[PDB]
Amino acid sequence: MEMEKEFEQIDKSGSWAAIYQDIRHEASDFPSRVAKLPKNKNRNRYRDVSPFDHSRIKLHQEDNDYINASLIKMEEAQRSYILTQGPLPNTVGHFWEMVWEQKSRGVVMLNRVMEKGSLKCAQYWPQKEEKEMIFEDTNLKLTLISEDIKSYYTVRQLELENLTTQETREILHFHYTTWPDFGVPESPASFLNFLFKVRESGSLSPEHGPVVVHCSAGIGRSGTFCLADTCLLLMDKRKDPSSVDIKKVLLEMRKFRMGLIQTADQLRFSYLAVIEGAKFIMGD
Ligand SMILES: Cc1cccc(Nc2ncnc3c2cnn3C)c1
Ligand SMILES: Cc1cccc(Nc2ncnc3c2cnn3C)c1
Numbered sequence: 001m002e003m004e005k006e007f008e009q010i011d012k013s014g015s016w017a018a019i020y021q022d023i024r025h026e027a028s029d030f031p032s033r034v035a036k037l038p039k040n041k042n043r044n045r046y047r048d049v050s051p052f053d054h055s056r057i058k059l060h061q062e063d064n065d066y067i068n069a070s071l072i073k074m075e076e077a078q079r080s081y082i083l084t085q086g087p088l089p090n091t092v093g094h095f096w097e098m099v100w101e102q103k104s105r106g107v108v109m110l111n112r113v114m115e116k117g118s119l120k121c122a123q124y125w126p127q128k129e130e131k132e133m134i135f136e137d138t139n140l141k142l143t144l145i146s147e148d149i150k151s152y153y154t155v156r157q158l159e160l161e162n163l164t165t166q167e168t169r170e171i172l173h174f175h176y177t178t179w180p181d182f183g184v185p186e187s188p189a190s191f192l193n194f195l196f197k198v199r200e201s202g203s204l205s206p207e208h209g210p211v212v213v214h215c216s217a218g219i220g221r222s223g224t225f226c227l228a229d230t231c232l233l234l235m236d237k238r239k240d241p242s243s244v245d246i247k248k249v250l251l252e253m254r255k256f257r258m259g260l261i262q263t264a265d266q267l268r269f270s271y272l273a274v275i276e277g278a279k280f281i282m283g284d
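Written out as structure tokens, the structure is:
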């Protein structure tokens, strides 16, 4: 079926939970043996969210190459993404090592450091220009260059220096600051505006390594971001945009990381975002 009318048919019939459970039943199951080794227990935030072995990102290190991060490679859309958990106190150096080694231009953050009164990820970037951060375990230096605070999101320019080679690179930090502690946003308008700002920066384009995107576990809000982006790109590329099937795209992405889209409310929000986004692209 088309998307917008499949949407109203699920609303009127109140069957979002059944649709979402079907997706969960059909989703791929691949091994995640490296994630479960005892030496990696303090590298995982949640015991039930792990990268598959076949798609995990490997650190260029001979001691321990593990990070909780996955490469989502979308062949028809010609887009790749790295989805990862929010960094932990003992993995902030690994996080920036990955950014460096994978040649990423941008980092997309969809959570606040504290939500619901608890810490959802480490404070992994500097908050003042004159107070830079050094990660001694991976030999990197990170400096805040500039910050632009807007009503729904903040963009930061960061400098990452490999202290071994003295090479430097500019990284863009796109921080969506207004996702509610509970539920999903009422309108997709600010989330779509944010997605378009990431696109306009070059961070999603083939001349760079894959964008790094995270929330707390790296599957819920993060899944919504890449699902909406890929569906909108396919609607631009194909002769028949109504042929784009969001459930099929989501199942393809779940071949590469488990659990993407965590609730039936997040599934409905993803439909809403793609539907509204397709009107703004055109040709409008
Ligand atoms: C606040 C912020 C966030 C992200 C990127 C940038 N970059 C720039 N922002 C404004 N003017 C700029 C540049 C680079 N060159 N020039 C001339 C700034
Ligand atoms: C926030 C951000 C990140 C990355 C790229 C950009 N690009 C620009 N955004 C706005 N005006 C711009 C440019 C480049 N030239 N000029 C004149 C902005």
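Letter 36 of the sequence shown, counting from 1, is numbered 36 in PDB author numbering, and no numbers are missing.
From the three backbone atoms N, C-alpha and C, an ideal C-beta is built for every residue, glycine too.
Check	Outcome
Buried versus exposed, by CB contacts within 10 Å (16 or more), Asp22	exposed
Residue nearest to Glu101 in terms of C-alpha spacing, selected from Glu115, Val108, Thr168	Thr168
Exposure of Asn64, with buried meaning 16 or more beta-carbon neighbours within 10 Å	exposed
For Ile281, three-class secondary structure by DSSP	helix
The segment 248-256 contacting the segment 161-177, beta-carbon criterion three pairs below 8 Å	no
Contact set, ligand 1 heavy atom to C-beta under 7 Å	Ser146, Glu147, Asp148, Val155, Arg156, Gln157, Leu172
Three-state class that DSSP yields for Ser187 in the structure shown	coil
Cβ neighbour criterion (16 or more within 10 Å) applied to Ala77	buried
DSSP bridge partner residues for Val155 (one or two, in chain order)	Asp148, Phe174
Under 8 Å between C-beta atoms of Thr143 and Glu136	no
beta-carbon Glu200 near ligand 2 non-hydrogen atom, thresh 7 Å	yes
Simplified DSSP state of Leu232, which is helix, strand or coil	helix
Straight-line Cα distance separating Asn139 from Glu186	43 Å
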